[PDB]
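Asker: Quick one: structure below, then a few questions.
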Amino acid sequence: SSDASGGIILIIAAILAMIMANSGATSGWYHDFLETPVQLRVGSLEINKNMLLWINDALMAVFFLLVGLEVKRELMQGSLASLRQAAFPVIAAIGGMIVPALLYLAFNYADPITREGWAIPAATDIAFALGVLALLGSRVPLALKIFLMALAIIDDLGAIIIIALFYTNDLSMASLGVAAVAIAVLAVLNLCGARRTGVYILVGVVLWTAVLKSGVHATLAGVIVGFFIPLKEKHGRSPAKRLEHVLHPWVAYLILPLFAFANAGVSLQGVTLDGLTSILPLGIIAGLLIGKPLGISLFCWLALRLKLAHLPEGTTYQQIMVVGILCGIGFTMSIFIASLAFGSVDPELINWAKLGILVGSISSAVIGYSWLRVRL
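Per the entry's author numbering, the very first residue in the sequence shown carries number 9; after that it's consecutive.
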């Protein structure tokens, strides 16, 4: 219905971006504002960081809040509560984020890219992956869809975490502390049984503001909240279930899209960089431009290597391998994980990663779409 009305209004953004980016008439204002200093200060605390940076810490924070919510749900209720319903998707994604890496990483065991591999081609645009799957009538899914979504999250929410530990936490003494009292309140707050979901959010923004010197952390705060916001329908209704529902449209229509308008505007012109000028380029491009379509050759080795005692789940047999093809469109999710990887560190080769994870992305969005149209 409206589960694919976003994938379109999303791609529209990406396009609108490029246009803006290479326009020459706008390529100026765009890149200009998108990287201006912006100091925000509330009373005595002064926070200074670049436009984009704020925007992303804000957007992916909200986005991952919703992700947090859902992963809790699936973990405590539906699609993943039992170590029986889990086993497959977990084994499916724990693969889904080690083959792409160990393909790209081993494609680039060189230097200021070693950090790049570790992820980038891991995240799958869980928003786009279900978008292209919806343009397909309605027969076959309803158990296939609720499956894909187990990877995307596990793989994405995975990376974000692996990356939070890999980093030498800028343990700003104070902040790290506030983050604790806040993260503590969140608990006592859930313990004493508070369902006034308004609170939880504000504490969160505090926690978020605290860990605000390391993106990946502010992002994680979202998740941390979506994790504490009450779930048991004990009340008579669930505060989380409600929130997750009002947020859904907004993220898929405003956020996700908006986020894509800020990061997908990759500049190709100037240096049109002909064909091989892209693939040719070290892994940074080919590596992650392939770590993605060749990131399917993982389930079909990890999800299939499950001929030991792990059921498909009223699936569609070999029609599962077409799913693992779509988890090759890390689109925005990667673009994000890419900014995390570079963005503030050597960021000129970031316009490359964008291209790579954009080519490899589309060239896996149809090379996986059609195959799954003739199936029915």
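Every residue, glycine too, gets a C-beta built ideally from N, C-alpha and C.
Does the distance from the C-beta atom of residue 318 to that of residue 99 stay below 8 angstroms?
Answerer: Residue 318 sits at position 310 when you count from the first residue of the sequence shown. Residue 99 sits at position 91 when you count from the first residue of the sequence shown. Against a cut-off of 8 angstroms, the Cβ pair of residue 99 and residue 318 comes out as a contact.
Asker: Check whether the segment 328-343 touches the segment 134-149, counting contact only when three or more Cβ pairs, one atom from each stretch, lie closer than 8 angstroms.
Answerer: Taking 8 angstroms as the limit for Cβ pairs, the verdict is that the segment 134-149 does touch the segment 328-343.
Asker: Nearest to residue 376 by CA position, among 345, 364 and 328, is which residue?
Answerer: Position 368 of the sequence shown, counted from the start, is the residue given in the question as residue 376. Ranking the options by Cα distance to residue 376, first place goes to 328.
Asker: Distance, Cα to Cα, residue 18 vs residue 141?
Answerer: As a first step, residue 18 is located in the sequence shown; it is residue number 10 there, counting from the start. As a first step, residue 141 is located in the sequence shown; it is residue number 133 there, counting from the start. Residue 18 and residue 141: Cα-Cα distance of roughly 15 angstroms.
Asker: Quick check on the burial criterion: 16 or more other C-beta atoms within 10 angstroms. Buried or exposed for residue 84?
Answerer: Within the sequence shown, numbered from 1, the residue matching residue 84 stands at position 76. Exposed: under 16 other Cβ atoms inside 10 Å.
Asker: Where residue 86 and residue 206 are concerned, what is the direct C-alpha to C-alpha distance, given to the nearest angstrom?
Answerer: Position 78 of the sequence shown holds residue 86. Position 198 of the sequence shown holds residue 206. Going from the Cα of residue 86 to the Cα of residue 206 covers about 25 angstroms.
Asker: Among the residues of its own chain, which have a CB less than 8 angstroms from the CB of residue 191, if the five just before and after it don't count?
Answerer: Taking the first residue of the sequence shown as position 1, residue 191 is located at position 183. Same-chain partners within the cutoff: 215 and 232.
Asker: Start and end of the alpha helix (DSSP H) containing residue 153?
Answerer: Locating residue 153 in the sequence shown gives position 145, counting from the first residue. 153-174 is the span of the alpha helix (DSSP H), which, as asked, contains residue 153.
Asker: What is the residue span of the beta strand (DSSP E) that residue 49 lies within?
Answerer: As a working mapping, residue 49 is identified with position 41 in the sequence shown. For residue 49, the uninterrupted beta strand (DSSP E) segment begins and ends at 45-50.
Asker: Reducing DSSP to helix, strand and coil, say where residue 7 ends up.
Answerer: Outside the displayed span of the chain (9 to 384) sits residue 7, for which this structure offers no information.
Asker: Have a look at 128, 127 and 150 and flag the residue whose alpha-carbon is nearest the alpha-carbon of residue 138.
Answerer: Against the sequence shown, residue 138 aligns to sequence position 130. That would be 150, whose Cα lies nearest to the Cα of residue 138.
Asker: Which same chain residues, not among the five before or five after residue 344, have their C-beta less than 8 angstroms away from its C-beta?
Answerer: Here residue 344 corresponds to residue number 336 of the sequence shown, with the count starting at 1. Excluding sequence neighbours, residue 344 sits near 64, 68, 131, 267 and 271.
Asker: Do three or more CB pairs link the segment 232-242 to the segment 69-84 at distances below 8 angstroms?
Answerer: yes
Asker: For residue 58, which of helix, strand or coil comes out of DSSP?
Answerer: Here residue 58 refers to the residue found at position 50 when the sequence shown is read from its first residue. The DSSP-derived three-state label of residue 58 is strand.
Asker: Which residues bound the alpha helix (DSSP H) around residue 134?
Answerer: Along the sequence shown, read from residue 1 onward, the residue named residue 134 stands at position 126. Per DSSP, the unbroken alpha helix (DSSP H) holding residue 134 starts and ends at 134-142.
Asker: Is the number of C-beta pairs between the segment 353-372 and the segment 44-51 that are closer than 8 angstroms three or more?
Answerer: No, because fewer than three Cβ pairs between the segment 353-372 and the segment 44-51 fall closer than 8 angstroms, the two stretches do not touch.
Asker: Just the Cα atoms here: how many angstroms apart are residue 291 and residue 198?
Answerer: What you label residue 291 is simply residue 283 of the sequence shown in a count that begins at 1. What you label residue 198 is simply residue 190 of the sequence shown in a count that begins at 1. Taking the straight line from one Cα to the other gives about 46 angstroms.
Asker: From 208, 30 and 62, pick the residue whose C-alpha is nearest to that of residue 248; which is it?
Answerer: Within the sequence shown, residue 248 is the residue found at index 240, counting from 1. Checking every option, the nearest Cα to that of residue 248 belongs to 208.
Asker: Any idea which residues DSSP pairs residue 53 with across the strands?
Answerer: The count along the sequence shown starts at 1 and reaches residue 53 at position 45. For residue 53, which the question treats as bridged, DSSP gives the partners 50.
Asker: Taking C-alpha atoms, which residue in 370, 354 and 278 lies nearest to residue 31?
Answerer: Stepping through the sequence shown from its first residue, residue 31 is reached at position 23. For the residues 370, 354 and 278, the minimum Cα distance to residue 31 belongs to 278.
Asker: For residue 193, which residues from the same chain have a beta carbon less than 7 angstroms from its beta carbon, with the 5 sequence-adjacent residues on both sides left out?
Answerer: Here residue 193 refers to the residue found at position 185 when the sequence shown is read from its first residue. 211, listed in sequence order.
Asker: Where do the N-terminal and C-terminal ends of the alpha helix (DSSP H) with residue 193 fall, by residue?
Answerer: Within the sequence shown, the letter at position 185 stands for residue 193. 181-199 is the span of the alpha helix (DSSP H), which, as asked, contains residue 193.
Asker: Using a 10 Å radius around the Cβ and a threshold of 16 neighbouring Cβ atoms, would you call residue 108 buried or exposed?
Answerer: For this step, residue 108 is matched to residue 100 along the sequence shown. Buried, since its Cβ has 16 or more Cβ neighbours within 10 Å.
Asker: Are residue 218 and residue 187 touching if we call contact CB-CB under 8 angstroms?
Answerer: By 1-based counting over the sequence shown, the position of residue 218 is 210. By 1-based counting over the sequence shown, the position of residue 187 is 179. It is a contact, given that the beta carbons lie within the stated cut-off.
Asker: Starting from residue 253 and walking both ways along the alpha helix (DSSP H), at which residues does that stretch end?
Answerer: Sequence index remark: in the sequence shown, residue 253 carries index 245 (1-based). Per DSSP, residue 253 belongs to the alpha helix (DSSP H) from 247-258.
Asker: With distances taken Cα to Cα, identify the nearest neighbour of residue 304 among 289, 257, 260 and 369.
Answerer: The residue you call residue 304 lines up with position 296 of the sequence shown. Closest option to residue 304, Cα to Cα, is 369.
Asker: How big is the Cα-Cα spacing for residue 158 and residue 358?
Answerer: Here residue 158 refers to the residue found at position 150 of the sequence shown. Here residue 358 refers to the residue found at position 350 of the sequence shown. Distance between the alpha carbons of residue 158 and residue 358: 28 angstroms.
Asker: Should residue 356 be labelled buried (16 or more other beta-carbon atoms within 10 Å of its own) or exposed?
Answerer: In the sequence shown, counting from the first residue as 1, residue 356 sits at position 348. Residue 356 comes out exposed.
Asker: Quick one, which of 302, 346 and 126 has its alpha-carbon nearest residue 223's?
Answerer: Residue 223 sits at position 215 when you count from the first residue of the sequence shown. Ranking 302, 346 and 126 by Cα distance to residue 223 puts 346 first.
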